[PDB]
Amino acid sequence: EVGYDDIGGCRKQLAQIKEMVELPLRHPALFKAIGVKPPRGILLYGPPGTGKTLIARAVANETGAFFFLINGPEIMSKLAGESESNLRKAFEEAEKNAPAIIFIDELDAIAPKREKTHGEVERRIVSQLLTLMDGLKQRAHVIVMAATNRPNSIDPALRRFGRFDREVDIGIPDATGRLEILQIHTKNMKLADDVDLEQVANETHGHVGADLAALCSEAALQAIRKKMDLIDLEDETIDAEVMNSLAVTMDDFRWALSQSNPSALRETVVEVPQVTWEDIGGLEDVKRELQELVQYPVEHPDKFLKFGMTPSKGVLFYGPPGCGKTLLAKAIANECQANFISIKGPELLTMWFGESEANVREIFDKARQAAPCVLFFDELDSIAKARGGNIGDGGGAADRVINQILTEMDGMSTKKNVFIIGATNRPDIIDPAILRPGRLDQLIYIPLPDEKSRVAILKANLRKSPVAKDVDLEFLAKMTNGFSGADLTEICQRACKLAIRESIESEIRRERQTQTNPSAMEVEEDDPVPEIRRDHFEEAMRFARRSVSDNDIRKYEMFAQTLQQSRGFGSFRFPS
Amino acid sequence: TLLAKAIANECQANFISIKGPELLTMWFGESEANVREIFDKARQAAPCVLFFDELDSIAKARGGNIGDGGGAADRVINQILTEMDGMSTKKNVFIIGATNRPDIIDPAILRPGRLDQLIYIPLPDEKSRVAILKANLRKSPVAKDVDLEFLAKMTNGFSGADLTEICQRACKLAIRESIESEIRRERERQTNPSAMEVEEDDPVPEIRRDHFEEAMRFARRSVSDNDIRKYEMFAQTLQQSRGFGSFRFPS
Amino acid sequence: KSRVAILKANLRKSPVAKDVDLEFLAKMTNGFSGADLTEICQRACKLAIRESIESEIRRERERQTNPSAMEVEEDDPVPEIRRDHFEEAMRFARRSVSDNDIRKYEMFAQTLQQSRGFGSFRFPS
Ligand SMILES: Cc1cc(OCc2nnc(SC3CCCC3)n2-c2cccnc2)ccc1-c1ccc(S(C)(=O)=O)cc1
Ligand SMILES: Cc1cc(OCc2nnc(SC3CCCC3)n2-c2cccnc2)ccc1-c1ccc(S(C)(=O)=O)cc1
Ligand SMILES: Nc1ncnc2c1ncn2[C@@H]1O[C@H](COP(=O)(O)OP(=O)(O)O)[C@@H](O)[C@H]1O
């Protein structure tokens, strides 16, 4: 049957559910001699196709509890006045086979009322379901798990104490989980040796477990269409050996990925960033300060408690564009192995234009659920720029979105895990309230990368590309007196583009030469340009440009010295 | 727009064009969710070239010299940026943007991951002008007597639209002359019924030199040299520095 | 090349050691004007002069205490501008001309350009 092996994604909420349900189910007799209330209901919510029903079935099988599935529309499709009988009989039958697990798939259909509550019979169904759910006499060990797309879609009374008192957001699987899902979905098709499922997994961003299964099936169907159809040898049952002779090639998977259309790309991603400190070449003072502020409270919470100091839970990065603030935030999140949530400027601008700031509440709740997390508000000054910056609106710096963010931060800190990081290229226009204590008070300045930092940035950008050892990278980094990280990335991309164009043009001509003059003996000399050379980099650097002018760096230096530690205490000595 | 259509045709990929009126309608109506629908449609029809023609229309509508009190950000452009940021997953949709006022375009549009590759389309050259005239006059019957290279060279700075207007005016003059002439000739047969019917065919069967001369008499340069100067400024406002032109590796 | 020539011309009078690679200094100065290069050279000369005056003086001050005490050796503590003086000078290197006003100069040069479209002009054959 289905078990933990079938449950893919390694998303680490299956472990939480296990810890939740073993003792109530794995050790049911224990609770008989101990006075404790187990989890009467667990609300699994997330994007559709994430395997919530699969997870519930696997838990039921691995714990031995009698699994009962109450399909939402199955009862809803039944005639009014007798569907209530179906729900009551389902609970009674689950009660009989104690311990039992009752799974309500698509719970947002039985009790969708969000206090709007249209209709008459559906109100009866929701109220009777409430009576049954609250009617659990704590006898036996029936655990009621329900599936819902979002927590707010179901009736709020279902979310109350004793009905569904604890919720788990399965969420979209990540690259590691996408790879494991691909492995589980590719185990009987005799996958080819060339295909590794790693490149596909990385390119598979935005898919869900159902999406991964559909992509694998589409690749298999492409393989079946490409071969074994030309022969057209078919019978009632295709020969096992004949079908096994085919191997799903990388090309088939690539085409399937091109024909994927993932079912929820837009959904926000809660993922441990893969970026590491290696990608950023320097910022040692900044790196150490970030390590302090974030890592120290958790690695050594006892020492923070000993001195009675509450660590700051907000940091605001300020600096010129393209210097690596987003990368620095990702790296700091990676070092602590905490989930990273990034709120770019377009999202804030959308909330501001639409006059919908309640999304800030939802974003903060999501960050709270995925703890430990690093809630990063990238380019937080976007709203101020949108309203102006030199003259702007007649009013002050306060705006709806920033006010909601401040309210959530003030109401935050309770969680002890969410850490707010803010990045802004225009510190002058940022609202001052953002910098007050209890908010993003720790201001960190990210300067233009140094020569060593520039070398590291070039190496990180060119790690994947084949770069000839002849081209000296230290010389190029030193040559770039004030290039930003974005400028270095542009130079590397232009060099790669030049190399790609030259290689394409050359092999194309070489193919004409064989077509025009068919050689008697075929002897390919391989690639005329196998790796990026000095001339490519020289031509690319010919177009190198400094995006960040020295005047805006001067303004940042002004603000930095606008956070000046006075000029009279530098020699402070105690009287002794 | 023609260049975008040609590039789409060469790749044999579907072409979707979002003209300025559509963007202005979405902006006035405060309905930017249509951008989501447009991007989804472009995604479904892959390979496609999603072209946002005259993308600067909203900025012009809000001003351009003084404009609104706020910055360049607007609802429609913000939604387009959000869709583009959430795009690239499809690997097939390609966004092409055309703007006659690059100065007022939102800078966020040009950031990496967005329409960063800026391409400048200059006024057609003499050879380009000849090709444009030939394309405009391919359908119309043009007499071999009228030299097209001379006309293209004569037009020192005419835009493609100006050349199209000249060709259309020449065709209009030819059509009017043909209509008037055959109408008179019909009077001539009604007023004085000829004993033997012998139609001499069309008095003007194809466009002649005189038609083109009269049309060129009204030729005009729509694009002034000052706006070309502003475009040249922006072009050199994307200047590749002035100190690396001689960059050599140490060897 | 112009920067190298300017540096050589400024330092012709001053005694500069052959070990200092002036071409490297010229190439490292990305967009320094002639005034900036002259300022760097003057600062290097000033640093050399200050070091020579302080070292010769402090040596004489110690030596004068004992009459005829140390040998009569005629030492020159700094007889030429050294490399360290050039690093000392470059620490204070400054870019006088901002890229924005260079932008303005190139703008005026473009406005003065001979319009466009007459490059291909050719008399009829
Ligand atoms: C002991 C303590 C721990 C704490 O929390 C620690 C923590 N855990 N997970 C996280 S989050 C995760 C880590 C990486 C990404 C985010 N954190 C945390 C807390 C603050 C800042 N960054 C992280 C708070 C406050 C206290 C205390 C201090 C003084 C006193 S008294 C009365 O003066 O003696 C009483 C209580
Ligand atoms: C190989 C690849 C193809 C691609 O896509 C190609 C593509 N197909 N249809 C289209 S669309 C259609 C064509 C005409 C109209 C539009 N495209 C496409 C892509 C980009 C721009 N224009 C077209 C993306 C990205 C990659 C890659 C590059 C580096 C690495 S690594 C880890 O550094 O080794 C991994 C993956
Ligand atoms: N991590 C996974 N491992 C194996 N199958 C998965 C996984 N995630 C999703 N699936 C697929 O999703 C299909 C249906 O999705 P489901 O489990 O019912 O979730 P939901 O009810 O939210 O749509 C299942 O048949 C299963 O094959």
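Per Swiss-Prot, chain A residues shown: 200-775, in order.
Including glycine, each Cβ sits where the backbone N, Cα and C put it.
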Fill in: Listed as phosphoserine by Swiss-Prot, one of A:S459, A:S541, A:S702
A:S702
Discussion item. Quick check on the record annotations: which of A:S352, A:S748, A:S770 is tagged phosphoserine by Swiss-Prot?
Written reply: A:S770
Fill in: Among A:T252, A:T375, A:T436, A:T688, residue that the record in Swiss-Prot marks as phosphothreonine
A:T436
Response to the item:
Out of A:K315, A:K486, Swiss-Prot gives the annotation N6,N6,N6-trimethyllysine to A:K315
Practice prompt. Run through A:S284, A:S462, A:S612 and tell me the one Swiss-Prot describes as phosphoserine.
Written response: A:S462
Worksheet entry | One of A:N296, A:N348, A:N351, A:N443 listed by Swiss-Prot as binding ATP 1 at the site of A:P247, A:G248, A:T249, A:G250, A:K251, A:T252, A:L253, A:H384 | A:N348
Worksheet item: Cα-Cα separation of A:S462 (phosphoserine) and A:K524 (ATP 2 binding site), in Å?
Response: 31
Practice prompt. Determine, to the nearest whole angstrom, how far the Cα atom of A:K505 (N6-acetyllysine) is from the Cα atom of A:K251 (ATP 1 binding site).
Written response: 43
Discussion item. For the C-alpha pair, I'd like the distance in angstrom between A:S702 (phosphoserine) and A:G521 (ATP 2 binding site), rounded off.
Written reply: 30
Worksheet item: What number of additional C-beta atoms lies within 10 angstroms of the C-beta atom of A:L526 (ATP 2 binding site)?
Response: 20
Worksheet item: For ligand 3, which among the recorded positions A:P247, A:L253, A:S462 have a CB under 6 Å from it?
Response: A:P247, A:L253
Worksheet item: Rounded to the nearest angstrom, how far is the Cα of A:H384 (ATP 1 binding site) from the Cα of A:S770 (phosphoserine)?
Response: 68
Practice prompt. Show, in sequence order, which residues other than A:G521, A:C522, A:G523, A:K524, A:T525, A:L526 on the same chain lie with their Cβ within 8 Å of the centre of the Cβ atoms of the ATP 2 site.
Written response: A:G518, A:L527, A:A622, A:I645, A:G684
Worksheet item: Between A:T436 (phosphothreonine) and A:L526 (ATP 2 binding site), what C-alpha distance do you get in Å?
Response: 55
Response to the item:
For the recorded positions listed (A:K315, A:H384, A:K502, A:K524), most other Cβ atoms within 10 Å of the Cβ sits at A:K524
Worksheet item: By a simple count, how many Cβ atoms lie within 10 Å of the Cβ of A:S702 (phosphoserine), its own Cβ left out?
Response: 14
Worksheet item: How long is the line from the C-alpha of A:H384 (ATP 1 binding site) to the C-alpha of A:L526 (ATP 2 binding site), rounded to the nearest angstrom?
Response: 33
